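Read off the chains here:
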Amino acid sequence: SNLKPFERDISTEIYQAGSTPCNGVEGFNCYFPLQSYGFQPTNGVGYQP
Amino acid sequence: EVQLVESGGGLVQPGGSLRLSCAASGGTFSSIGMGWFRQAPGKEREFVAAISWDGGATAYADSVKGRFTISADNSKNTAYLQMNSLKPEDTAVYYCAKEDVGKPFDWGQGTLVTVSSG
Amino acid sequence: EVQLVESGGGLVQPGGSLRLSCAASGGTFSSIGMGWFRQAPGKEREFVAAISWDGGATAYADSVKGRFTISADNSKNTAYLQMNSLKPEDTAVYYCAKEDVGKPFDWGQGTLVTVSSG
């Protein structure tokens, strides 16, 4: 739930996976979290760190 | 019933390129589990590529890195898959899925994609 | 520097009604001088109105009486405004500055608003 204050969760793979198994990289109903920012100076005037 | 419409599949020369397009008839307009799967003759249906609906993110299998590109949009409610330098082994019928939230899988009909010099 | 965003403007038939939004991301949460400003073509910038952050005080200029009512949202940290009786000289660009502790009239880019029958 967007993490607790003093959480320190540096996990990887998939968040609790779910009812769907790993299935190699992701499978059907899965994705890989921890994606790089890649923010651009023009894509979002307020959407940038 | 969740009807999936597919188009663009057909015969292509080796090393060629096509433009697949699979649209969805709404499907609650919210799903986080779609992907592209093909079933080669005499082979079990494996994973090829996928795309996330919550963003413009892309994801591909290890064997289709770079050569295959997938792009989706919210206004037209579809996803265009572009192939490059198709191999003879790539000859298989693709399938586009749509996994509704808290619901089982949804599958369409697919289109035959033949990669040969004939 | 401060970030101000303005949207929703454009052509409107005379005597229309517009609902523009000024989403102020943050803003030191010490606002005392929230107000909008206009710049008519070939005409110097002049005061329009102002809304207090600690109260419902909404002062208005003589030329916008009745037809102009501005409001904010302490929960949303935004600034909305409603218009009536659009007349051709109202064709101009508007802005929504943010005046706060040190922060001057945090100026933005505004939006073009057109009042014509074309």
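K.L.:
Got a minute to help me understand the overall build of chain A in this structure?
P.N.:
On a plain count of helices and strands, chain A comes out with 0 helices and 0 strands. Its C-alpha atoms put chain A at 40 × 30 × 15 Å along the principal axes. Buried positions account for 12% of the 49 residues belonging to chain A. For chain A, the accessible surface area stands at approximately 4,600 Å², while carbon and sulfur atoms represent 57% of it.

K.L.:
What is the right way to look at the layout of surface pockets in this model?
P.N.:
Think of a ball as big as a water molecule: rolled over the atoms, this probe shows where empty space is left. One number sums up the size of the largest pocket: a volume of about 1,000 Å³. Around the largest pocket, the lining is made up of 39 residues, and of these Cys30(A), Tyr31(A), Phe32(A), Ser52(B) and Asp54(B) lie nearest the centre. Contributing elements (two or more residues each) for the lining of the largest pocket: β5 (46-51) and β6 (58-60) of chain B. For the lining of the largest pocket, the element with the most residues is β6(B), which contributes 3 residues. Residues of the lining of the largest pocket, tallied by class, amount to 21 nonpolar, 12 polar and 6 charged. In this structure, the second largest pocket encloses a volume near 340 Å³. Taken together, 29 residues form the lining of the second largest pocket, with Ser31(C), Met34(C), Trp53(C), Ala72(C) and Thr78(C) sitting closest to its centre. Every element with two or more residues in the lining of the second largest pocket is listed here: β3 (19-24), β4 (35-39), β8 (68-73), β9 (78-83) and β10 (92-97) of chain C.

K.L.:
Is there a simple way to explain the state of the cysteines in this structure?
P.N.:
Should the sulfur atoms of two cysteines be covalently bonded, the bond is a disulfide. Residues and elements named next belong to chain B. Counted according to the given criterion, the structure contains 2 disulfides over all chains. One disulfide in the model links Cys-22 with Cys-96; its S-S distance is 2.0 Å. In this structure, the disulfide formed by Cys-22 and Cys-96 twists by about 90 degrees around the S-S bond and is classed as right-handed. Pair noted here: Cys-22 is in strand β3 (residues 19-24) and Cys-96 is in strand β9 (residues 92-96), with a separation of 74 residues, a long-range link. Each of the two residues, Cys-22 as well as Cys-96, counts as buried.

K.L.:
I'm lost on the pattern of salt bridges in this one. Help?
P.N.:
One pass over the structure, following the stated rule, counts 12 salt bridges over all chains. Its salt-bridge partner being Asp106(C), residue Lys98(C) comes within 3.0 Å of it at the nearest N-O pair. Each member of the pair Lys98(C) and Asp106(C) is classed as buried. Salt bridges sharing partners connect three or more residues here, namely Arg38(B), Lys43(B), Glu46(B), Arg67(B), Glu89(B) and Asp90(B).

K.L.:
Please clarify how the interface of chain A and chain B should be interpreted in this entry.
P.N.:
How big an interface is tends to be stated in terms of accessible area lost as the parts join. Across the boundary between the two partners, chain A contributes 5 residues, which contact 11 residues of chain B. Interface area for chain A against chain B, summed over the two sides, is near 760 Å², with a carbon-plus-sulfur share of 62%. In terms of surface lost to chain B, no three residues of chain A exceed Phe28(A), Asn29(A) and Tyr31(A), which account for 71% of the buried area on that side. Inspection of the region where chain A meets chain B yields 0 salt bridges. For the pair chain A and chain B, the number of links is 3 residue pairs in polar contact. Across the side of chain A that touches chain B, the residue classes tally to 2 nonpolar, 2 polar and 1 charged.

K.L.:
Honestly, the pairing of strand β11 (residues 111-115) of chain C in this entry has me stumped. Any pointers?
P.N.:
Looking along a regular strand, one sees the side chains alternate between the two faces of the sheet. All names here are of chain C. Judged by which residues are buried, β11 turns out to be one-sided: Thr-111, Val-113 and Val-115 face inward and are buried, whereas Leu-112 and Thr-114, on the alternate face, are not. Sheet topology note: the strand β2 (residues 11-12)/β11 ladder contains 2 bridges and is parallel. By the bridge assignment for β11, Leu-11 is matched with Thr-114.

K.L.:
Please clarify how the sheet that holds strand β1 (residues 4-7) of chain B should be interpreted in this entry.
P.N.:
Residues and elements named next belong to chain B. Ordered in space as β1-β3-β8-β7, the 4 strands form an open sheet in which the pairing is antiparallel. Looking at the sheet topology across the chains shown, the edges are occupied by β1 and β7 (69-73). Going across the sheet, the axis of each strand differs from the next one's by a mean of 15 degrees, ignoring polarity.

K.L.:
Whenever I open this one, the packing of aromatic side chains confuses me. Can you help?
P.N.:
Geometrically, a pair of aromatic rings is defined through the distance of the ring centres and the angle of the planes. In total, this model carries 8 aromatic pairs over all chains according to the counting rule given. When the ring of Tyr95(C) is compared with that of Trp107(C), the centres are 6.3 Å apart and the planes differ by 85 degrees; the resulting orientation is edge-to-face. You can see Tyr95(C) sitting in strand β10 and its partner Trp107(C) sitting in the loop between β10 and β11, a full 12 residues away along the chain. Residue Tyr95(C) is classed as buried on the basis of its relative accessible area of 15%. Exposure remark for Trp107(C): the relative accessible area of 25% places this residue in the partly exposed category. In textbook terms, an aromatic cluster arises when at least three aromatic residues are bridged by ring pairs, as seen for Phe37(C), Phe47(C), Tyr95(C), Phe105(C) and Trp107(C). The ring of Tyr95(B) is capped by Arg45(B), whose NZ or CZ atom sits 4.3 Å from the centre of that ring.

So, how was this worked out
- Residues numbered from 1 in each chain as written, not as in the entry; some residues may be left out.
- Chains lettered and ligands numbered in written order.
- Part of a larger assembly, values for the part shown.
- Heavy atoms only, no water.
- Helix = DSSP H or I, 4+ residues; strand = E, 2+ residues; numbered from the N terminus.
- Buried < 20%, exposed > 50% of the residue type's maximum accessible area, 1.4 Å probe, protein only.
- Areas by Shrake-Rupley, 256 points an atom, 1.4 Å probe, with all protein chains shown as cover.
- 1 Å grid on protein atoms, 1.4 Å probe; cavity = no way out; pocket = protein on both sides within 12 Å on 5 of 7 lines; lining within 4 Å.
- Points joined across faces, edges and corners; volume = space filled by probe spheres on them.
- Nonpolar A, V, L, I, M, F, W, Y, C, P; charged D, E, K, R; others polar.
- Disulfide = S-S within 2.5 Å.
- Salt bridge = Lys/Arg side-chain N within 4 Å of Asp/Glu carboxyl O.
- Contact = heavy atoms within 4.5 Å.
- Buried area = accessible area lost by both parts, 1.4 Å probe.
- Polar contact = N/O pair within 3.5 Å; in protein donor to acceptor, adjacent residues only side chain to side chain.
- Pairing = 2+ DSSP bridges.
- Axes fitted to C-alpha atoms, helices over the stretch in contact; angles between N-to-C directions.
- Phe/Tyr/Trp six-rings, centres within 6.5 Å; stacked < 30°, edge-to-face > 60°.
- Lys NZ or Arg CZ within 6 Å of the ring centre and 35° of its normal.

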